[PDB]
Each structure stands twice: as C-alpha cells, then as structure tokens.
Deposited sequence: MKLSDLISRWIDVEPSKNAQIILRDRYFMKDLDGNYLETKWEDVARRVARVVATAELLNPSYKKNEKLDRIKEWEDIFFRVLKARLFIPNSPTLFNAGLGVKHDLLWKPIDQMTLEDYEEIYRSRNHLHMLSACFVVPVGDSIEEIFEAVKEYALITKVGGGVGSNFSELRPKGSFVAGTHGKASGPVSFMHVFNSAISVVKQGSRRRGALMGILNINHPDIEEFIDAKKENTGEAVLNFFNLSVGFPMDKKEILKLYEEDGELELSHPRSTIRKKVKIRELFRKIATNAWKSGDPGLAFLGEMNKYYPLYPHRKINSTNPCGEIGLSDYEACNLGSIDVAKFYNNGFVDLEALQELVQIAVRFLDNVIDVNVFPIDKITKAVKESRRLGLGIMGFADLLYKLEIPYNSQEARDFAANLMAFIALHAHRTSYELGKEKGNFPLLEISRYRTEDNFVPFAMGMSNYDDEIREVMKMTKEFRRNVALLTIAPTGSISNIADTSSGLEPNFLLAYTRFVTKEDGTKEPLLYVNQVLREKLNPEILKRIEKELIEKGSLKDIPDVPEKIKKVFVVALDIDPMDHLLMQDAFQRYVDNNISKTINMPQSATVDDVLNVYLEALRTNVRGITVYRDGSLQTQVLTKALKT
C-alpha cells in the first residue's frame, strides 16, 4: 500500500501512558521558567518536521519561486511520518530542534508559513542546536592534546552528545617523557581525568555509558586496560583490533604470541594471544566489559580508507567514526509495516527515501560545538539509518527469533533497506551535490567496492549495480546502522533495535508492560491466567497450558542461545555499512570457555564488534 495510507493507520494511534511519561519528562520543550511549550507528541513532530524541512532552503535545484511550496511539502511529509511514529530520529534531534528560534514560529500552522518564516528559523538556530547522538575525538600523545581532548569531552557532553576515543596513542605507563626526563602516566591514568571531567557536566543528568574508551590489543598496557573497572563509571570500554580479523583468529588457532609495543616507548613485551583472550573473556564473564571492536574490519569497508581511518566507535559501538565525525541517527519502526502476513515493501521503500533525506537535512541545520566537527561532518555526510521493532515484527509474522528462517528474513529485509537508502543517496547527490570527498573514495577509485559483506540475499546483484552508479553521484559516505534505540523505541511503543524482547511482561518505575502482540495472539483467558507466572519466570518456556505454537514464536532474550544472537547480528551486518549495537545474552551457567567460543565464532562471522552479557554476572 501507499505510505500515505499506512500513515493513516498509525497517525492517530496515541502513545502509551509510559511513552507519554517519558515525553513529558525529557522531550516536551519548556521555557526558562519550567513551563511547557509542548504537551503532546504532535507538538514535537511539528517542531522537528519544520526545523528539518528548513534545510530545503539550501536546495540548489529549487528556484526561489518554488522554495516555499517545496519546503512546505517536506515539512508536511516529515510531520506525518513523525507523528505516526514510523520513523524517529535520535533523541538529541527531538530535544534540541528549534533552540534559539522564536516560539511563535516553531508550531504555527504550516499553511501560514512564509519563505521569510523559514529563513528566520534557519538564521536563529543557537549554539545549543545540536542534533546528533555522538562523536569521536582523537587523543594525541602530548599533555597539550590530552587536555584539549578533555575540554572537547566537556563541550560535547554539555550540549548532549556522547563521545568515543581510542586512547592507544598515549605512550605506555612508565615510558620516557623527554620534556621532564620523567615517567608517563599511561592511557589508563589519563582516562580517569576524562571520567572526572564528565562527572561535573550534565545535560542533564543520567550519563551512564556517555563515553567510549578503546585500547588496542597490542598496547603494552592492554592487560591493565582490560582489568580497569574491577572510577571509570562513565566509560564503556572495548579492546581494539586494528589488524585483520583473520590474522588474529589464525594467531589464536596457532597458539601464537603478540608483540605488545608502542612507537614512542622502549616498553616491549610478548604475550600468548590465548592468555590475553582468556583474560578478556574472564572479565566479560564477570562484568560485561570490555567488548571487542574489530577496527580492521571497519576499515576494510570504509570508503575513505586509508586516506582517513576509523580508530574508534561512539559509546554504544554502532558507528565507527574517523576523527571529529558525528553520529547522525534515526530509526524506522518495521513492526508498523506488517500487513496480513507480509512486510509492506511498497510503503517501506517510500519511507526509506524520506528517512534518508530527513537525516541528510539534519546535517544542514545541525550546530556543532567544535569547528573541526562541522568540517568532518560536511566533508563525508555520514548517516545512520536504522530499524527498531524487529522482534515485534517477527512476533506478528509468527517467526521464532532463534531460527534460520528469522535470520534469512532479516538479511533480506536489511538488504532491501540498504538498496533503497543507497539509491536515495545517489538521487540526493544528483539533486544537491556529492559529498566533497566522493572523488577520493573507493566508490570512485576502485572497481566493485561494496561497503558490507552481503552474501545472504537475492538483492546482491541489484546492490552491486547501485554501488556502481554511486561512482558518479552520492550524497553520503555511508547510510546505515542499527542503534540501541533505548529511548526512541519506547516513544514508538515497539521493540528496541534488532534485539529480541528482553521480557514479555514486567513492571518499571510503576506500571506493568505486557507485550502488545502477545495480547493480540494469546487467548485473553490464558493470559490473565499465566500473567502471574510469566512475570516471575521471565519466559513462557516452562508454563503449562500455553500452546507450543506461541511458546516458539514468543521467545525472549534468554530463551535464545548465544550463537543464535550472534548469527542474527551477522545476518544484519552483511547489509549495514556502519556497525551494529547487539548484546550477546548468555545464561548464568555460561563458562569463560563459552565466552571464548563466542569470540572465536565472532571472528569467523561478519560482525564488526561484540558485546556479551552473562545473566546475573553484575
């Protein structure tokens, strides 16, 4: 069906009470006095649609004598899609769109807008008008560069972004410092200063996982890094693997040794790569940290490598970024695309096109806190279009999350989105101009470059064809990711990202959720009966008088074994040009050897990173 008619099915479905609570708390805009300027999700949709549509002022293919009509049409489409909650951008977009703008412009009826209204909106965006989820900054091996980075952590966090850094440039603890004949404190000690800095800045104010800290596997302090949180409470930590995944797996299988060294230290040491891995798995087994960041694999698919290089991800790992780049994210709720036993691909393709344009327009009205960021964003125009609602979609389709059927369905779904997002990038590049670095990227300098592995869909040949087309026109260096969508999946009343539902029924602080699809497919008699058990046990698995058919479809995270989590991640990653946020859930009974096996399997698959969490470990 047409997207316009799908919109009609959803646009007047009101957010749940839980959703409305979240909206009131953090998203509805207020004046300096704490009075609400917005009271309904509708208000947010109008404000955000209007600010992002304003980007069309800059569109060189519109004559001035048509800009108003064209801008208005885009506000209209952005508004309807947002109000329907078919696509929602990353939280900072919702928070900060319209900061600096006269309040009598942000919500006025669209039929009353003038060209001058849109220009006033565009001109009055203030320095807090920061619409991206996160960033990566370099940390150079000097007191000067380190405290400059600390300053940037502070500035970025203030306006609401998260930040990642690879700290491997910092020379090992005890290395010679020529200026003082002294000893270097090493990356880990310095990370404590970054943590301390963030402790006094809020947005505010819950800042859990606001930072990413990576140290490479061959750094002389890697063993200390691995043991760091066992404070650094605002960091997520990952071990960086800049070499090819194949080379590290071969080294493990051969029981080889890794040379730990640094180009500005005499500190050198050899460690058994198996012992190192076991130390990593042992810590992950206990606490869930550190994760693994396959940087080499990110660079294999980075269209600007080696001119530019990915050294770090953002805090939740889903985007590998070069220095001073940002996360520009937004997600489609694919559960709203279910139609009588299938996914409405006609409506989905239209929304993919609209969503790419929306995210790309966000760049134009984004205001960054640092000059170098503005430059790096404009030069590559990297986007992060993702999905949520995936687990709920499978519930509707009656497909077990832990099945090859689901993984085949995922790869094909994702290949379809990638195809149409990249085709849109081509179109936008023809319309508005290519990303300035296109001419030096592998889309132009190389034959048959494709920014992901593929190999699991009937769309591959069509994808190859479009990638060839983008040699000539391309708006964006990359377009896709799958984010946690922790807050925005709640606003959308759907399951988060690509993850299975963690629980079918639970109480949060104090109303109880019950999965909506479960309510529609399970006999209302049986439900009222088993609701008690379900909440206590956290699964349908071992409940009598529950049809085997629904037990199979309605699996939760811990019903699904780790390899099925990992293989789902691989199925998606084959058709994503950035990365993916995915927790590999493991049962309490899991061993350190079990964790090692996940790592080894990960190395053979196409994933670009790994996070595991053992139930009960924390």
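When the deposited sequence is numbered from 1, the segments without any C-alpha atom are 231-236, 516-524, 634-644.
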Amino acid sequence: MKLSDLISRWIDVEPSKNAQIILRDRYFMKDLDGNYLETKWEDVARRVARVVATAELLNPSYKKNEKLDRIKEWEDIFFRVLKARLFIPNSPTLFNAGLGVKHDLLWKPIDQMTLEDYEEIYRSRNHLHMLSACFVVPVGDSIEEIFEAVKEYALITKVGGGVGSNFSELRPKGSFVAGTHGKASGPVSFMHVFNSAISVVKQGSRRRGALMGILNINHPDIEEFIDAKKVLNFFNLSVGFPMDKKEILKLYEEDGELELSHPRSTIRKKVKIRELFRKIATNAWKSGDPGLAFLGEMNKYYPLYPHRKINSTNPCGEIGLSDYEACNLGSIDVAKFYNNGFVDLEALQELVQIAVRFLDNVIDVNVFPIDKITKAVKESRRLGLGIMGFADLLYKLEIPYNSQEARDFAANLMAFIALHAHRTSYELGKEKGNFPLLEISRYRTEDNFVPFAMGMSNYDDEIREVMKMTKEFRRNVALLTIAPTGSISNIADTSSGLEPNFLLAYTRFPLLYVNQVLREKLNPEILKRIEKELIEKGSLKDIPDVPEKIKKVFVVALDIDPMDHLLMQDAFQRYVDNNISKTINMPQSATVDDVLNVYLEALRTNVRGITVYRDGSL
From here on, numbers count along this sequence of modelled residues.
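In this text, rigid core is short for the largest set of C-alphas that superpose within 1.5 Å between two forms.
Taking the root mean square of CA deviations in 8 other deposited structures of this protein after fitting on the rigid core, 239-247 and 327-335 differ, and the farther of the two is 327-335. With every structure aligned by its rigid core, 172-180 is the stretch of 446-454 and 172-180 whose CA positions lie farther away in 8 other deposited structures of this protein.
Per the compared records, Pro510 is unresolved in at least a third of the other entries whose models span it. Notably, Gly204 is an intermittent gap: at least a third of the other compared entries of this protein, restricted to those modelling both its neighbours, have no coordinates for it. Averaged over Cα atoms, the B-factor as recorded in the entry is higher for 298-306 than for the other of 298-306 and 78-86.
Here the stretch with the larger average CA B-factor, out of 218-226 and 441-449, is 441-449. The entry lists C-alpha B-factors for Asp408, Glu536, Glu152, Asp493, and the highest of these is at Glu536. Across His420, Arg357, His181, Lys245, the greatest Cα temperature factor reported in the deposited entry is at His181. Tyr506: CA B factor lies in the highest third for its chain, per the PDB record. Per the PDB record, residue ranking by Cα B-factor puts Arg608 in the lowest third of the chain.
Per the deposited record, the Cα B-factor of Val52 falls in the middle third when ranked against the other modelled residues of its chain. When the modelled residues of the chain are ordered by C-alpha B-factor, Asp570 sits in the lowest third. In this PDB entry, the Cα temperature factor of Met29 sits in the middle third of its chain's modelled residues.
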